[PDB]
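Okay, so here's the structure we're looking at.
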Protein chains: 8
Amino acid sequence: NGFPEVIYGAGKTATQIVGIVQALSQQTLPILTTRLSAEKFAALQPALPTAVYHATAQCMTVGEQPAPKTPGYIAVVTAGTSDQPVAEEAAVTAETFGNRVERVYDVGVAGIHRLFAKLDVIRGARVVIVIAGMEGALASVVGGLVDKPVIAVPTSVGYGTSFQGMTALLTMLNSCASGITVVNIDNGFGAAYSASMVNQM
Amino acid sequence: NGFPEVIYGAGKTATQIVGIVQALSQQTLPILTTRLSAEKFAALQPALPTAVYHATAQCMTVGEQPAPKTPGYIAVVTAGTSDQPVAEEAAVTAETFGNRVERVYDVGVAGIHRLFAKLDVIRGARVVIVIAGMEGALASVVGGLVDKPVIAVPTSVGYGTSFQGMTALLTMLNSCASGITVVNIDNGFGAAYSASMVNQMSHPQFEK
Amino acid sequence: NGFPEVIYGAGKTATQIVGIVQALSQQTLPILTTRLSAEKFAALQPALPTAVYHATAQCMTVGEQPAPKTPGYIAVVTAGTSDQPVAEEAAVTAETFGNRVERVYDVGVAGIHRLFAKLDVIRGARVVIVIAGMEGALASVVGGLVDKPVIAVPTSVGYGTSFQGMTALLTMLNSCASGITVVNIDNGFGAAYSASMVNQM
Amino acid sequence: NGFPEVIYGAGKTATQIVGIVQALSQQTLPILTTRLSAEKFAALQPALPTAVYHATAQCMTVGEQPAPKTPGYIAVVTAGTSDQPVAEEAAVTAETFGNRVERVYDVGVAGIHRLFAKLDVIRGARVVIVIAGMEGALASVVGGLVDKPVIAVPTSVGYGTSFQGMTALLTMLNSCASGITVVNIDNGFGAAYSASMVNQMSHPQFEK
Amino acid sequence: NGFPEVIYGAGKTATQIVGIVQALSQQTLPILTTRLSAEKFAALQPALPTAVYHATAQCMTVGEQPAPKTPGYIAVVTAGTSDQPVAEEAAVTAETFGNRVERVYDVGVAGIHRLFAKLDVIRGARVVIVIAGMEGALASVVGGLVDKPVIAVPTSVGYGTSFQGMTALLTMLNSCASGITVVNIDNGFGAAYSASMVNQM
Amino acid sequence: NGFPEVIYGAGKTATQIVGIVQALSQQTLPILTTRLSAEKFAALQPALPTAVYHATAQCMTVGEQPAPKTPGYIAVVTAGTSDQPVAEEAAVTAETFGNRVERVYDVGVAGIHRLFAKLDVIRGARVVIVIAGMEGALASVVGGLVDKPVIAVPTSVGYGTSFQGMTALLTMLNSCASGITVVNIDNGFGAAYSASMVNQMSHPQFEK
Amino acid sequence: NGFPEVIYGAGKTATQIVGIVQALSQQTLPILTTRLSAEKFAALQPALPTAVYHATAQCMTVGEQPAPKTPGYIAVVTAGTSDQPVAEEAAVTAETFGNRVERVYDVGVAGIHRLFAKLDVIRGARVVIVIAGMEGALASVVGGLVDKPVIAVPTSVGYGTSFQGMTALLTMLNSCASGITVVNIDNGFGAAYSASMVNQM
Amino acid sequence: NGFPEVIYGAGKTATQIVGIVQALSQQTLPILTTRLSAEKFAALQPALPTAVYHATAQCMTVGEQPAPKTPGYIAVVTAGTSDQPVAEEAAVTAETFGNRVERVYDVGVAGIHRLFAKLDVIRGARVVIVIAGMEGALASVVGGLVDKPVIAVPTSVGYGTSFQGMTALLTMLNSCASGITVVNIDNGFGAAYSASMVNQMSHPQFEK
Ligand SMILES: [Mg+2]
Ligand SMILES: [Mg+2]
Ligand SMILES: [Mg+2]
Ligand SMILES: [Mg+2]
Ligand SMILES: [Zn+2]
Ligand SMILES: [Zn+2]
Ligand SMILES: [Zn+2]
Ligand SMILES: [Zn+2]
């Protein structure tokens with residue numbers, strides 16, 4: 001593998017987590033903890049003073065992050081600011097997994113020029129992760145402009161007909177551009193996990 | 001009013017529509033018949049000798065199409081070639097309601113360069129009808145690029161979780177703050193009926 | 001355009017907003033801020049003493065509103081009192097955009113006479129915005145009685161089978177009257193944005 | 001009891017229904033057969049020589065229709081011409097259950113003046129069956145204007161997000177505080193079966 | 001009519017309500033207020049000392065209730081205790097409307113004998129209102145055993161696949177017994193309104 | 001194991017199933033083929049001369065049906081006559097898996113007296129399969145009256161918001177605390193496969 | 001029967017429950033109370049000092065549990081830790097009903113080896129209850145490896161496309177392995193009730 | 001780019017596709033036509049004499065299939081025999097896009113021993129396409145056992161609450177943290193188009 005150790009922090013207590021983390025005391029490899037509330041990192045910090053917490057991403061990393069495993073980069077593209085929390089979970093997961101990451105945020109198609117202003121960056125990625133909720137159409141527009149794997153992530157932030165990400169999920173599954181592959185809602189971690197594999201062939 | 005008479009032919013038979021058309025033929029000039037299957041017209045055709053069937057729109061008109069009443073036009077914009085049937089329903093009722101139509105077909109977002117190629121023609125419309133299935137992304141992109149009212153039609157073409165146009169409809173509905181407004185799945189007639197009202201919002205009395 | 005500047009206040013902090021508003025210090029044009037909680041206008045008011053807050057609408061306007069751009073008016077029609085908050089977001093958005101607005105409230109069809117009591121007002125509008133949740137049927141009844149563009153807005157206020165506006169959305173999409181066009185749920189802003197364009201041809 | 005015998009013919013064959021009808025023909029006077037396709041009756045028809053097929057209702061009766069048992073009537077009110085098949089199912093079972101029916105067809109809300117034209121006849125019913133598809137607005141409007149019990153039937157006619165009558169059903173269900181009550185999609189028989197109970201809630205013994 | 005005056009208390013304030021109630025100071029007829037929280041009747045009571053509040057039903061009645069308008073009775077049938085609040089809204093609405101009411105509670109089919117133990121009461125009603133959520137099947141069982149109008153009311157009290165009354169709604173719409181008519185979820189008022197009309201032919 | 005071999009014939013052709021049956025005919029005694037349309041068997045029939053088609057169950061067996069392995073029986077209980085096809089699928093696979101079956105058809109709840117008439121036979125089963133569409137009330141009623149395991153099958157027969165068995169399925173699922181357990185819509189085979197395991201939970205070695 | 005007395009504690013007050021429990025003062029048989037909050041057992045304990053409360057299961061048992069009625073055992077299989085509360089309701093219900101129970105937890109297929117590490121235990125049960133939410137696929141995998149009745153229980157613990165157990169319900173109904181039978185969501189009690197009957201033939 | 005040209009033939013006629021193919025035949029080497037019904041090819045076939053129809057994939061190629069561009073392979077893994085049509089769509093477009101494919105059909109989880117039998121071949125792929133209907137459990141099991149990217153395709157084969165692939169799709173989507181990624185129902189072409197990009201991430205210039 002070489003895959004860092006991943007702790008799903010949703011169902012675990014701060015004590016239970018320190019118990020898993022320090023039980024991995026023998027690893028030169030980093031440890032990622034995803035879906036970790038700020039109130040729970042508050043609890044953890046005295047036990048793990050060498051840990052790093054990423055507010056938006058709700059991710060914690062313990063350990064020395066070594067250099068990127070590979071030169072190419074993953075691009076993480078978002079439609080709007082409401083998408084930032086789950087995009088950040090994809091960026092931190094990908095970086096902890098050893099990938100260089102280029103963050104291309106707020107390029108939703110209501111101001112499509114912003115998407116073109118940053119298009120050379122998207123086109124130079126080995127993998128593109130597209131993240132959207134309201135403007136789920138962005139996956140299809142990105143997918144029509146790039147010749148690399150695109151992994152779409154629907155998010156649950158939206159209004160009434162967003163159906164808490166469900167519309168966004170169906171929109172990405174139904175993209176008229178080919179080459180788009182989809183993960184379940186809010187699952188930025190899952191997208192980065194796959195993108196990391198694809199990137200490090 | 002000034003509107004043509006409209007017959008919804010999906011539920012009705014050939015015999016039944018000949019009745020309506022011959023009862024309305026007393027006046028009113030143009031008569032628009034929507035959702036008329038190729039087979040129903042074939043059975044109509046000898047009874048109504050002046051009717052024109054617009055095959056791919058699945059529409060039938062009797063009476064001659066008017067000269068455009070306003071100087072603008074309506075842009076009918078299309079994502080793919082399979083959006084053409086409800087696009088032609090929209091464009092044929094728009095023309096029958098007295099509007100000039102400009103067709104911008106097959107500029108979906110898998111080759112968005114094609115949409116920029118025609119963006120001069122779209123911005124120059126008074127109203128824009130955008131027709132798309134699958135993701136329905138085309139409406140969002142158009143809505144953000146033009147400052148004219150846009151009316152989005154989701155089509156039922158697709159596969160799998162296409163859910164017969166639902167994905168398209170819901171996606172277009174989530175772009176309304178861009179100046180977009182939406183009708184029901186495959187409802188090209190409805191779209192054109194509204195665009196026509198918008199597009200139509202005189203002739204000098206003393207000539208030689 | 002001539003369109004006033006619009007700030008979506010849902011995802012932004014009171015400080016972030018003052019930052020956008022005062023960064024538009026060079027505009028003779030008004031600035032509309034939609035979806036702004038009363039607790040957030042509480043925060044804003046010392047910074048923007050010249051601002052106006054509309055309670056029902058959750059809209060804030062900074063700037064000198066100049067005269068209507070055009071003589072005709074938009075009619076905003078509602079089924080019941082539960083519809084007032086999102087109807088008010090349509091009325092304030094339309095007025096800030098430069099349209100004269102005639103408010104025709106509480107004319108749901110359980111007392112259809114109220115709808116006829118105010119029918120000359122609806123018929124004289126250039127555009128009609130119809131707003132309903134329970135009595136979503138009102139869009140179709142209005143659409144059958146007027147010869148102008150009607151933009152229907154479903155709202156999320158209702159009981160069990162209202163499906164939080166979803167029934168109302170399907171009802172308006174399926175109107176048997178022609179000439180009705182629909183926006184997503186609760187999106188009074190969007191309706192006024194379009195109605196404003198239509199009005200000012 | 002006093003009710004006619006009822007055969008639901010949708011799932012059954014021609015051969016199978018001849019069996020039931022000849023087994024029930026021993027007594028019971030009128031026999032109502034619902035959802036009988038035009039083709040099934042054509043195959044029935046020679047075996048049951050007294051059966052009458054009501055084509056557009058897709059119903060079959062054997063035995064003569066009774067004289068109305070109560071003096072009121074049931075109003076069957078319809079939004080559009082394509083609501084006529086489940087309207088005729090409602091009206092033919094109502095008449096077969098011994099009720100006088102008054103048909104008020106094609107008064108949907110796109111021309112609501114037509115509904116006011118007949119409002120005298122609707123208020124004068126004892127029960128009102130309202131039949132509509134698409135929005136189903138007609139039931140709300142009727143429910144608010146009459147103070148008799150109303151039973152609303154959603155029909156499955158429509159297009160797109162019509163969802164085969166769901167939009168109609170849900171819309172009618174959201175008007176029940178107006179004195180409206182609802183049955184399943186296309187269930188004209190169910191509606192008339194209840195209206196008939198409501199409408200039927202004597203003959204002097206000493207005559208010359 | 002003779003129908004008492006009905007106030008939907010959901011969207012109105014305690015002050016707004018006293019304003020409607022006392023504006024009906026000239027009526028020998030009662031006034032029903034439905035969907036009224038106990039905290040809101042707490043507010044009302046000093047203004048309306050002659051009012052009556054029904055806890056389960058969330059209904060308030062002001063006025064002298066005169067004798068039943070008619071001899072026959074409405075039967076209100078429930079599947080279980082979770083149905084009691086909305087059944088009580090049907091019973092109080094029917095009684096205020098002038099109907100005698102016979103309450104037949106907790107006869108769900110998991111103990112069908114209870115339903116037979118009270119069957120003569122159900123069979124003697126002019127109208128039966130059936131109320132269920134989990135055991136929505138009860139409408140069909142009752143409808144198969146009685147020869148009078150049955151109005152079914154689905155309720156939102158249930159577990160995961162109850163879909164907050166939606167299953168119960170579809171179950172009653174699809175009863176294999178004929179003669180069942182359905183109202184929207186939780187709408188005990190609506191059922192009694194119709195049942196009252198049917199009862200008083 | 002001791003189970004017969006099972007071929008799901010819905011997706012497969014006639015040619016394809018002859019292949020499977022002749023490849024499995026080497027041993028295994030009885031072969032159960034489910035969802036075999038009347039037309040597919042007609043095309044099979046000359047190639048497999050010992051196969052018996054159970055028309056209304058839409059099942060095909062080759063090999064002779066065993067003598068019941070356990071002394072109890074399985075009760076297959078049915079709400080209406082149109083539940084008979086998935087009832088016969090359940091009853092024919094149960095009998096092919098070596099169980100005695102007792103059929104209690106057409107005791108739905110619109111005439112619940114019929115269910116009490118046969119309640120002696122239902123209580124006396126070891127397992128009970130209950131098959132119903134529409135409301136699916138029958139499963140609840142049965143679940144509350146018997147203290148044997150009950151397996152409920154929703155059927156897809158119905159109209160309107162029947163939603164092709166969903167209403168039935170959801171209704172049965174909301175009665176599980178009564179000792180009821182549920183399978184997928186129309187899945188009579190699945191039900192009987194489980195009932196058979198439950199029903200089958202020896203022969204003296206020294207006879208004359 | 002011999003079935004212990006079961007109290008559904010969801011809709012009942014702590015006082016109402018003591019009222020039912022002590023009204024069963026004449027029983028050599030145990031009494032199970034399911035769906036009982038810890039705050040409600042807090043209330044009960046002074047009245048019923050001989051009661052036992054199971055935290056995860058939210059079950060209370062009063063009475064002397066006698067020996068298992070039968071030698072074979074029910075196996076209770078879970079996909080992950082989020083499934084433990086409703087699996088525990090199945091285990092406690094089955095044990096109170098007189099069945100021996102073998103708890104096989106955390107064997108979801110993302111680490112399928114754990115499922116094989118405990119496969120002899122699953123194969124030796126007379127009945128298997130499978131409990132899953134996210135990894136609802138586990139029912140089908142278990143059902144393909146065992147020759148005994150399998151009763152699947154979907155749970156509501158999950159992420160966006162879990163639809164609060166609904167996906168898990170459809171997944172179990174649609175298992176490609178035969179011999180799987182399904183209960184409604186979260187209904188661990190119901191599964192054990194049936195499993196108990198099947199076990200004690 | 002280097003990709004073959006792709007024609008989506010579901011919505012198009014025979015006449016219409018001959019047009020596209022003869023207009024694209026000027027260059028581009030291989031032309032992949034998806035969702036081409038057996039009847040449409042029969043009508044195409046005389047006009048395009050070099051076209052090969054892959055019946056069970058419902059695909060048509062013109063031009064010869066390339067030699068694999070990369071040395072790895074793509075594993076196409078299948079739960080059941082009825083997953084074979086969208087598996088063959090995936091495998092035929094993968095091979096047409098220049099990839100070596102290894103087919104691991106009919107290893108669904110009702111006999112999971114079959115999947116372990118071939119696990120050597122699956123781990124040895126560079127990408128894995130997993131195709132399943134009904135529960136769709138196969139994708140989860142595969143996702144947890146391999147450390148290569150997996151692309152899961154839900155198929156619409158099933159019965160009842162299969163909901164035409166929804167159960168499969170939703171189940172696969174709930175296993176993405178295992179390194180799984182998903183496409184739309186029956187979208188074998190989409191899956192192979194992505195797998196092909198992943199699998200394809202030189203030839204020495206100086207030979208004798
Ligand atoms: Mg715009
Ligand atoms: Mg009324
Ligand atoms: Mg039982
Ligand atoms: Mg993996
Ligand atoms: Zn598109
Ligand atoms: Zn209508
Ligand atoms: Zn039934
Ligand atoms: Zn499978």
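Chain labels follow the order of the structure tokens: the first chain is A, the next B, and so on; residue numbering restarts at 1 in every chain, and ligands are counted from 1 in their shown order.
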
Exercise. Would you kindly report the residues of chain F within 12 Å of chain G, using only C-alpha atoms, as a VMD selection string?
Key: chain F and resid 1 to 3 6 8 72 125 to 129 143 146 to 154 166 169 to 201

Exercise. Go through the chains and note each residue within 12 Å of ligand 8, using only C-alpha atoms and all ligand atoms, then give the set as a ChimeraX atom specification.
Key: /G:136-144,171-178 /H:77-83,106-112,115,130-142,154-155,157-158,167-168,171-172

For the residues in the current selection, export N, CA and C atoms as a compact mmCIF listing (two decimals), in the first residue's frame.
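What landed in again_21.txt:
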```txt
# COMPACT_ATOMS: atom_id res chain seq x y z
N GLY G 136 -24.99 -2.76 3.72
CA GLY G 136 -26.13 -3.64 3.53
C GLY G 136 -25.87 -4.83 2.64
N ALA G 137 -24.90 -4.73 1.72
CA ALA G 137 -24.41 -5.88 0.97
C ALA G 137 -24.06 -7.08 1.86
N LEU G 138 -23.79 -6.87 3.16
CA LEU G 138 -23.38 -8.00 4.00
C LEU G 138 -24.46 -9.08 4.07
N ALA G 139 -25.75 -8.71 4.02
CA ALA G 139 -26.81 -9.72 4.08
C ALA G 139 -26.66 -10.72 2.93
N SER G 140 -26.38 -10.21 1.74
CA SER G 140 -26.27 -11.08 0.58
C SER G 140 -25.04 -11.98 0.68
N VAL G 141 -23.94 -11.44 1.19
CA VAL G 141 -22.73 -12.24 1.32
C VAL G 141 -22.93 -13.32 2.37
N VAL G 142 -23.49 -12.96 3.51
CA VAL G 142 -23.81 -13.98 4.50
C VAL G 142 -24.79 -14.99 3.93
N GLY G 143 -25.86 -14.51 3.27
CA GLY G 143 -26.86 -15.43 2.75
C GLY G 143 -26.31 -16.41 1.73
N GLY G 144 -25.26 -16.02 1.01
CA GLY G 144 -24.64 -16.93 0.07
C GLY G 144 -23.72 -17.95 0.69
N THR G 171 -31.62 -2.93 -0.43
CA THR G 171 -30.53 -3.84 -0.75
C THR G 171 -30.83 -5.24 -0.25
N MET G 172 -31.36 -5.36 0.96
CA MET G 172 -31.63 -6.68 1.52
C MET G 172 -32.80 -7.36 0.82
N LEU G 173 -33.82 -6.58 0.45
CA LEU G 173 -34.93 -7.15 -0.29
C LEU G 173 -34.47 -7.72 -1.61
N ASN G 174 -33.42 -7.14 -2.19
CA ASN G 174 -32.96 -7.50 -3.52
C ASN G 174 -31.76 -8.42 -3.52
N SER G 175 -31.42 -9.04 -2.38
CA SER G 175 -30.26 -9.93 -2.33
C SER G 175 -30.33 -10.96 -3.44
N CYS G 176 -29.19 -11.18 -4.11
CA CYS G 176 -29.07 -12.25 -5.09
C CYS G 176 -28.94 -13.63 -4.45
N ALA G 177 -28.53 -13.72 -3.18
CA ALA G 177 -28.62 -14.98 -2.46
C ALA G 177 -30.06 -15.25 -2.03
N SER G 178 -30.47 -16.51 -2.15
CA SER G 178 -31.81 -16.86 -1.72
C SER G 178 -31.83 -17.13 -0.22
N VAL H 77 -15.42 -7.40 -14.36
CA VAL H 77 -15.90 -8.43 -13.43
C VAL H 77 -17.41 -8.34 -13.32
N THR H 78 -18.06 -9.50 -13.28
CA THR H 78 -19.50 -9.59 -13.44
C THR H 78 -20.13 -10.46 -12.36
N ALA H 79 -21.27 -10.00 -11.83
CA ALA H 79 -21.96 -10.79 -10.82
C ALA H 79 -22.71 -11.97 -11.43
N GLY H 80 -23.50 -11.74 -12.48
CA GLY H 80 -24.31 -12.80 -13.03
C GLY H 80 -24.29 -12.81 -14.55
N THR H 81 -24.86 -13.88 -15.10
CA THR H 81 -24.91 -14.00 -16.55
C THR H 81 -25.74 -12.90 -17.18
N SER H 82 -26.73 -12.37 -16.48
CA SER H 82 -27.50 -11.30 -17.10
C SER H 82 -26.82 -9.94 -17.00
N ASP H 83 -25.67 -9.86 -16.37
CA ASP H 83 -24.89 -8.64 -16.44
C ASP H 83 -24.06 -8.59 -17.69
N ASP H 106 -19.53 -13.70 -14.03
CA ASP H 106 -20.41 -14.61 -13.31
C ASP H 106 -19.74 -15.13 -12.03
N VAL H 107 -19.29 -14.17 -11.21
CA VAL H 107 -18.67 -14.43 -9.90
C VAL H 107 -19.41 -13.65 -8.81
N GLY H 108 -20.71 -13.47 -8.99
CA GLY H 108 -21.55 -12.87 -7.98
C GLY H 108 -21.50 -13.61 -6.66
N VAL H 109 -22.09 -12.97 -5.65
CA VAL H 109 -21.79 -13.29 -4.26
C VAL H 109 -22.64 -14.42 -3.71
N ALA H 110 -23.60 -14.93 -4.47
CA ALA H 110 -24.32 -16.13 -4.08
C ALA H 110 -23.45 -17.37 -4.20
N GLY H 111 -22.32 -17.27 -4.87
CA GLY H 111 -21.32 -18.32 -4.87
C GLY H 111 -19.97 -17.65 -4.84
N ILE H 112 -19.69 -16.94 -3.74
CA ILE H 112 -18.50 -16.10 -3.65
C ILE H 112 -17.21 -16.91 -3.80
N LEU H 115 -15.56 -15.98 -6.98
CA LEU H 115 -14.76 -14.77 -7.01
C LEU H 115 -13.38 -15.00 -6.43
N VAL H 130 -16.48 -3.31 -12.21
CA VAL H 130 -17.34 -4.29 -11.55
C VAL H 130 -18.78 -4.00 -11.95
N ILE H 131 -19.48 -5.02 -12.44
CA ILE H 131 -20.81 -4.87 -13.02
C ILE H 131 -21.77 -5.80 -12.28
N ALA H 132 -22.85 -5.24 -11.74
CA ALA H 132 -23.76 -6.03 -10.93
C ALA H 132 -25.12 -5.37 -10.88
N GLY H 133 -26.16 -6.18 -10.76
CA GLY H 133 -27.50 -5.70 -10.48
C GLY H 133 -28.01 -6.21 -9.14
N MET H 134 -29.33 -6.17 -8.94
CA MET H 134 -29.92 -6.59 -7.67
C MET H 134 -29.25 -5.87 -6.49
N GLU H 135 -28.77 -6.60 -5.46
CA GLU H 135 -28.08 -5.91 -4.37
C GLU H 135 -26.89 -5.09 -4.87
N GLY H 136 -26.18 -5.55 -5.89
CA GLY H 136 -24.91 -4.91 -6.22
C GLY H 136 -23.84 -5.12 -5.18
N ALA H 137 -23.94 -6.18 -4.37
CA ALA H 137 -22.93 -6.41 -3.35
C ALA H 137 -21.55 -6.62 -3.96
N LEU H 138 -21.48 -7.16 -5.18
CA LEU H 138 -20.18 -7.53 -5.74
C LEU H 138 -19.18 -6.38 -5.69
N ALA H 139 -19.63 -5.14 -5.90
CA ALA H 139 -18.68 -4.04 -5.94
C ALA H 139 -18.02 -3.82 -4.58
N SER H 140 -18.81 -3.92 -3.50
CA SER H 140 -18.24 -3.74 -2.17
C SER H 140 -17.17 -4.78 -1.91
N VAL H 141 -17.52 -6.05 -2.12
CA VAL H 141 -16.57 -7.13 -1.88
C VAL H 141 -15.29 -6.90 -2.68
N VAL H 142 -15.42 -6.61 -3.98
CA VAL H 142 -14.22 -6.36 -4.79
C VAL H 142 -13.47 -5.13 -4.28
N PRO H 154 -23.82 -0.18 -11.99
CA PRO H 154 -25.09 -0.85 -11.67
C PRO H 154 -25.85 -1.19 -12.94
N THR H 155 -26.42 -2.38 -12.99
CA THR H 155 -27.28 -2.75 -14.11
C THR H 155 -28.74 -2.74 -13.68
N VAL H 157 -31.06 -4.95 -14.44
CA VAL H 157 -31.73 -6.24 -14.39
C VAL H 157 -32.16 -6.52 -12.97
N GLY H 158 -33.32 -7.14 -12.81
CA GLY H 158 -33.90 -7.35 -11.50
C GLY H 158 -35.41 -7.43 -11.59
N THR H 167 -31.42 0.31 -6.51
CA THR H 167 -30.88 -0.44 -5.39
C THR H 167 -29.40 -0.77 -5.60
N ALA H 168 -29.06 -1.22 -6.80
CA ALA H 168 -27.67 -1.52 -7.12
C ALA H 168 -26.82 -0.26 -7.04
N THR H 171 -26.36 1.06 -3.46
CA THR H 171 -25.50 0.17 -2.69
C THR H 171 -24.04 0.34 -3.06
N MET H 172 -23.74 0.46 -4.36
CA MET H 172 -22.35 0.63 -4.75
C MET H 172 -21.82 1.98 -4.27
```

Exercise. As a ChimeraX atom specification, please: all residues of segment 3-192 of chain E that backbone DSSP puts in helix (DSSP H, G or I).
Key: /E:14-23,38-44,81-96,109-117,119-123,138-145,160-173,188-192

Exercise. Please determine the contact residues of chain C with respect to chain A at a cut-off of 9 Å, counting only C-alpha atoms, and supply them as a list in words.
Key: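 The answer, sorted by residue number, is residues 11, 155, 156, 164, 165, 166, 184, 185, 186 and 187 of chain C.
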
Writing out the chosen residues with C-alpha atoms as a PDB file, in the first residue's frame:
```
ATOM      1  CA  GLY C  11     -23.348  31.715   3.761  1.00  0.00           C
ATOM      2  CA  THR C 155     -42.939  27.634  -1.006  1.00  0.00           C
ATOM      3  CA  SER C 156     -41.941  25.080   1.633  1.00  0.00           C
ATOM      4  CA  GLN C 164     -41.781  20.870   1.882  1.00  0.00           C
ATOM      5  CA  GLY C 165     -42.815  22.611  -1.335  1.00  0.00           C
ATOM      6  CA  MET C 166     -42.304  19.613  -3.646  1.00  0.00           C
ATOM      7  CA  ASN C 184     -37.162  26.503  -7.565  1.00  0.00           C
ATOM      8  CA  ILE C 185     -38.741  26.373  -4.102  1.00  0.00           C
ATOM      9  CA  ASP C 186     -38.653  29.479  -1.881  1.00  0.00           C
ATOM     10  CA  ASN C 187     -36.788  31.341  -4.632  1.00  0.00           C
TER      11      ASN C 187
END
```

Quiz prompt | Nearest candidate to chain D (options F:206, F:84, F:103, F:124; using only C-alpha atoms) | solution = F:84

Quiz item: Which residues of chain B are close to chain H, meaning at most 8 Å apart when you count only C-alpha atoms, and how do they look as a PyMOL selection string?
Solution: chain B and resi 82+159-161

Could the residues in this selection be written to a file with N, CA and C atoms, as a PDB file, in the first residue's frame?
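Just written: part_23.pdb:
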```pdb
ATOM      1  N   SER B  82     -30.763  14.901 -30.045  1.00  0.00           N
ATOM      2  CA  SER B  82     -32.016  14.291 -29.618  1.00  0.00           C
ATOM      3  C   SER B  82     -32.918  15.252 -28.848  1.00  0.00           C
ATOM      4  N   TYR B 159     -30.878   7.842 -20.178  1.00  0.00           N
ATOM      5  CA  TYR B 159     -30.808   6.431 -19.818  1.00  0.00           C
ATOM      6  C   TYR B 159     -30.663   6.335 -18.304  1.00  0.00           C
ATOM      7  N   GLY B 160     -30.997   5.158 -17.766  1.00  0.00           N
ATOM      8  CA  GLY B 160     -30.815   4.882 -16.351  1.00  0.00           C
ATOM      9  C   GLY B 160     -31.553   5.856 -15.450  1.00  0.00           C
ATOM     10  N   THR B 161     -30.808   6.438 -14.499  1.00  0.00           N
ATOM     11  CA  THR B 161     -31.306   7.403 -13.514  1.00  0.00           C
ATOM     12  C   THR B 161     -31.627   8.744 -14.131  1.00  0.00           C
TER      13      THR B 161
END
```

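Selecting strand (DSSP E or B) from the backbone DSSP output for segment 126-181 of chain G yields residues 127, 128, 129, 130, 131, 132, 150, 151, 152, 153, 154, 180 and 181 of chain G.
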
Practice problem: Considering only C-alpha atoms, return as a list in words whatever protein or nucleic-acid residues lie within 6 Å of segment 35-51 of chain G, sequence-local ones (same chain, fewer than 2 positions apart) excluded. | Solution: residues 9, 10, 14, 58, 59, 61 and 62 of chain G

Using N, CA and C atoms, can you write the selected residues to a file as a short mmCIF file (atom, residue, chain, number, x, y, z; two decimals), in the first residue's frame?
```cif
data_model
loop_
_atom_site.label_atom_id
_atom_site.label_comp_id
_atom_site.auth_asym_id
_atom_site.auth_seq_id
_atom_site.Cartn_x
_atom_site.Cartn_y
_atom_site.Cartn_z
N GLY G 9 -41.81 0.62 25.05
CA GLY G 9 -41.60 1.75 25.93
C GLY G 9 -41.49 3.10 25.26
N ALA G 10 -41.72 3.19 23.95
CA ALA G 10 -41.49 4.44 23.24
C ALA G 10 -42.52 5.49 23.63
N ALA G 14 -42.65 6.71 32.24
CA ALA G 14 -42.04 5.85 33.25
C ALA G 14 -43.07 5.42 34.29
N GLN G 58 -31.25 -0.36 24.79
CA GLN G 58 -32.38 0.40 25.32
C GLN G 58 -33.50 -0.54 25.78
N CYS G 59 -33.12 -1.72 26.24
CA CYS G 59 -34.06 -2.71 26.73
C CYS G 59 -33.96 -2.86 28.24
N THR G 61 -35.27 -5.54 31.38
CA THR G 61 -35.85 -6.83 31.71
C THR G 61 -36.10 -6.90 33.20
N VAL G 62 -37.34 -7.19 33.60
CA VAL G 62 -37.66 -7.56 34.98
C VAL G 62 -37.97 -9.05 35.02
#
```
